[PDB]
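S.K.: Next up, upload.cif (mmCIF, C-alpha atoms).
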```cif
data_input
#
loop_
_atom_site.group_PDB
_atom_site.id
_atom_site.type_symbol
_atom_site.label_atom_id
_atom_site.label_comp_id
_atom_site.auth_asym_id
_atom_site.auth_seq_id
_atom_site.Cartn_x
_atom_site.Cartn_y
_atom_site.Cartn_z
ATOM 1 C CA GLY A 1 17.385 -23.869 0.066
ATOM 2 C CA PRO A 2 17.860 -24.738 3.735
ATOM 3 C CA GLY A 3 16.375 -21.449 5.001
ATOM 4 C CA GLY A 4 19.032 -19.026 3.707
ATOM 5 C CA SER A 5 17.768 -18.575 0.127
ATOM 6 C CA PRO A 6 19.937 -16.888 -2.503
ATOM 7 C CA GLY A 7 17.250 -15.807 -5.000
ATOM 8 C CA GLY A 8 13.479 -15.821 -4.388
ATOM 9 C CA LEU A 9 12.687 -13.098 -1.824
ATOM 10 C CA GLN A 10 9.617 -11.564 -3.509
ATOM 11 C CA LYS A 11 9.128 -9.363 -0.422
ATOM 12 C CA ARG A 12 9.847 -5.884 -1.836
ATOM 13 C CA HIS A 13 8.921 -5.087 -5.458
ATOM 14 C CA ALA A 14 9.866 -1.459 -4.818
ATOM 15 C CA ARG A 15 11.203 0.708 -1.994
ATOM 16 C CA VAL A 16 7.699 2.167 -1.764
ATOM 17 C CA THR A 17 6.826 3.376 1.678
ATOM 18 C CA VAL A 18 4.303 6.014 2.350
ATOM 19 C CA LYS A 19 5.600 9.274 3.791
ATOM 20 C CA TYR A 20 2.674 9.835 6.123
ATOM 21 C CA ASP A 21 4.077 9.729 9.651
ATOM 22 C CA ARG A 22 2.889 13.177 10.799
ATOM 23 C CA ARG A 23 -0.839 14.022 10.747
ATOM 24 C CA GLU A 24 -4.131 13.704 12.670
ATOM 25 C CA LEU A 25 -5.209 10.759 10.478
ATOM 26 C CA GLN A 26 -4.727 7.226 11.867
ATOM 27 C CA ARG A 27 -3.289 5.317 8.880
ATOM 28 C CA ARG A 28 0.265 6.760 8.977
ATOM 29 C CA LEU A 29 1.986 4.216 11.259
ATOM 30 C CA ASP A 30 0.164 1.613 9.184
ATOM 31 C CA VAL A 31 1.251 3.605 6.117
ATOM 32 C CA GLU A 32 4.860 2.408 6.356
ATOM 33 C CA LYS A 33 3.841 -0.953 7.870
ATOM 34 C CA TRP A 34 1.024 -1.644 5.363
ATOM 35 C CA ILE A 35 2.991 -1.053 2.141
ATOM 36 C CA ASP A 36 6.312 -2.525 3.336
ATOM 37 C CA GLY A 37 4.436 -5.652 4.462
ATOM 38 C CA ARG A 38 2.605 -5.554 1.134
ATOM 39 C CA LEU A 39 5.542 -6.119 -1.221
ATOM 40 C CA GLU A 40 6.719 -8.485 1.520
ATOM 41 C CA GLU A 41 3.660 -10.623 0.699
ATOM 42 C CA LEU A 42 2.679 -9.757 -2.879
ATOM 43 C CA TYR A 43 5.689 -11.177 -4.769
ATOM 44 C CA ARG A 44 7.567 -8.624 -6.918
ATOM 45 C CA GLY A 45 8.648 -10.344 -10.166
ATOM 46 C CA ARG A 46 5.345 -10.970 -11.961
ATOM 47 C CA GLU A 47 2.686 -8.277 -11.476
ATOM 48 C CA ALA A 48 2.992 -5.545 -8.828
ATOM 49 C CA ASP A 49 6.770 -5.888 -9.425
ATOM 50 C CA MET A 50 6.438 -2.092 -9.853
ATOM 51 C CA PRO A 51 6.008 0.290 -6.900
ATOM 52 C CA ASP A 52 2.552 1.044 -5.403
ATOM 53 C CA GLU A 53 1.634 3.260 -2.396
ATOM 54 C CA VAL A 54 -0.655 6.332 -2.162
ATOM 55 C CA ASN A 55 -3.973 5.493 -0.381
ATOM 56 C CA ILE A 56 -3.042 7.082 2.984
ATOM 57 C CA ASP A 57 -2.632 10.377 1.078
ATOM 58 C CA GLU A 58 -6.373 10.849 0.524
ATOM 59 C CA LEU A 59 -7.553 9.572 3.931
ATOM 60 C CA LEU A 60 -4.552 11.338 5.520
ATOM 61 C CA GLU A 61 -6.027 14.743 4.631
ATOM 62 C CA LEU A 62 -8.267 14.946 1.544
ATOM 63 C CA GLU A 63 -11.898 14.039 2.366
ATOM 64 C CA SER A 64 -12.169 12.120 -0.914
ATOM 65 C CA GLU A 65 -12.823 8.358 -1.150
ATOM 66 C CA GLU A 66 -9.583 6.314 -1.361
ATOM 67 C CA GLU A 67 -8.713 7.854 -4.753
ATOM 68 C CA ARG A 68 -5.018 7.041 -4.247
ATOM 69 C CA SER A 69 -5.808 3.488 -3.086
ATOM 70 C CA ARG A 70 -7.384 3.106 -6.529
ATOM 71 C CA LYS A 71 -4.188 4.456 -8.145
ATOM 72 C CA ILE A 72 -1.963 1.776 -6.581
ATOM 73 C CA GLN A 73 -4.652 -0.661 -7.723
ATOM 74 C CA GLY A 74 -3.930 0.807 -11.159
ATOM 75 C CA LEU A 75 -0.289 -0.349 -11.138
ATOM 76 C CA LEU A 76 -1.061 -3.434 -9.015
ATOM 77 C CA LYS A 77 -4.401 -3.981 -10.811
ATOM 78 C CA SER A 78 -2.750 -7.155 -12.138
ATOM 79 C CA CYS A 79 -2.769 -8.865 -8.712
ATOM 80 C CA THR A 80 -1.561 -12.493 -8.756
ATOM 81 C CA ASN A 81 -1.779 -13.757 -5.146
ATOM 82 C CA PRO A 82 -2.407 -12.138 -1.706
ATOM 83 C CA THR A 83 -2.528 -8.845 -3.653
ATOM 84 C CA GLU A 84 -5.970 -8.715 -2.040
ATOM 85 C CA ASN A 85 -3.980 -7.216 0.847
ATOM 86 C CA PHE A 86 -2.165 -4.509 -1.143
ATOM 87 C CA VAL A 87 -5.423 -3.350 -2.767
ATOM 88 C CA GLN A 88 -7.488 -3.826 0.416
ATOM 89 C CA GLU A 89 -4.712 -2.246 2.534
ATOM 90 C CA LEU A 90 -4.589 1.107 0.732
ATOM 91 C CA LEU A 91 -8.404 0.940 0.797
ATOM 92 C CA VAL A 92 -8.548 -0.365 4.387
ATOM 93 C CA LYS A 93 -6.474 2.637 5.504
ATOM 94 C CA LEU A 94 -8.872 5.068 3.805
ATOM 95 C CA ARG A 95 -11.630 3.160 5.625
ATOM 96 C CA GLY A 96 -10.650 5.142 8.749
ATOM 97 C CA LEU A 97 -11.876 8.563 7.582
ATOM 98 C CA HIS A 98 -13.973 7.902 4.452
ATOM 99 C CA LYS A 99 -15.623 5.139 6.519
#
```
Can I see the file as structure tokens?
M.R.:
Amino acid sequence: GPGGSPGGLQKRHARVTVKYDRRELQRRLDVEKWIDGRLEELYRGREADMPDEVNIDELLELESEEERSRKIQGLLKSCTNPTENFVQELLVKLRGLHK
């Protein structure tokens, strides 16, 4: 439509925002901004349609490779477009501590 579109948002396949806004890590602010911007890109309605957000948990305070980032990749494993961001985001965040 002329800008205002009725159906076709594909910007939030799930109110999934990471609750990591209080810790010494450095992926918390990005935690809410990375996942919210993820479904904003992804699409919701074909693959990731389901929720997906956990990476920051490990890097937040675990000392274990982005195990959670792999979990979201489990539900988003499908990937159908810029998903490369969703999967790389959860992983990119863990790339702060796990290096």
S.K.: Run the PyMOL selection byres ((chain A and resi 44) around 7) on the file and write out the hits as a list in words.
M.R.: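 Those residues are residues 10, 11, 12, 13, 39, 42, 43, 45, 46, 47, 48 and 49 of chain A.
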S.K.: List the spatial neighbours of segment 27-31 of chain A as an MDAnalysis selection string - criterion: any atom at most 10 Å away, only C-alpha atoms, same-chain residues fewer than 4 positions off excluded.
M.R.: chainID A and resid 17:23 35:37 53:57 59:60 89:90 92:97
S.K.: To one decimal in Å, tell me the separation between atom CA of residue 64 of chain A and atom CA of residue 76 of chain A.
M.R.: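 According to the coordinates, atom CA of residue 64 of chain A and atom CA of residue 76 of chain A are separated by 20.8 Å.
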S.K.: Pick out the closest residue to residue 66 of chain A from this set: A:98, A:40, A:52, A:86. Count only C-alpha atoms.
M.R.: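 With only C-alpha atoms as the atom set, the closest residue is A:98.
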S.K.: Please indicate the distance in Å from atom CA of residue 81 of chain A to atom CA of residue 34 of chain A, rounded to one decimal place.
M.R.: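 Answer for the atom CA of residue 81 of chain A to atom CA of residue 34 of chain A separation: 16.3 Å.
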S.K.: Just need the box for segment 65-70 of chain A, edges along x, y and z, holding every atom the file lists for it with 4 Å tacked onto each side, so centre and edge lengths in Å to one decimal, as JSON.
M.R.:
```
{"center_x": -8.9, "center_y": 5.7, "center_z": -3.8, "size_x": 15.8, "size_y": 13.3, "size_z": 13.4}
```
S.K.: Have a look at A:41, A:58, A:25, A:71 and name the one nearest to residue 9 of chain A; count all atoms listed in the file.
M.R.: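 Ranking A:41, A:58, A:25, A:71 by distance to residue 9 of chain A, first place goes to A:41.
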S.K.: What's the separation between atom CA of residue 75 of chain A and atom CA of residue 7 of chain A, in Å to one decimal place?
M.R.: 24.2 Å
S.K.: Please enumerate the residues selected by the PyMOL selection byres ((chain A and resi 51) around 6) when evaluated against the supplied file, formatted as a list in words.
M.R.: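 Evaluating the PyMOL selection byres ((chain A and resi 51) around 6) on these coordinates yields residues 14, 16, 50 and 52 of chain A.
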S.K.: For the selection just defined, write its residues with C-alpha atoms to a file, as a CSV table (one decimal), in the frame of the given file.
M.R.:
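The resulting file, part19.csv, is reproduced below:
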```csv
chain,number,residue,atom,x,y,z
A,14,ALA,CA,9.9,-1.5,-4.8
A,16,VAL,CA,7.7,2.2,-1.8
A,50,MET,CA,6.4,-2.1,-9.9
A,52,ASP,CA,2.6,1.0,-5.4
```
S.K.: Choose the residue, out of A:82, A:1, A:65, A:70, that has the smallest atom-to-atom separation from residue 99 of chain A; count all atoms listed in the file.
M.R.: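 Checking each candidate against residue 99 of chain A, we get A:65 as the closest.
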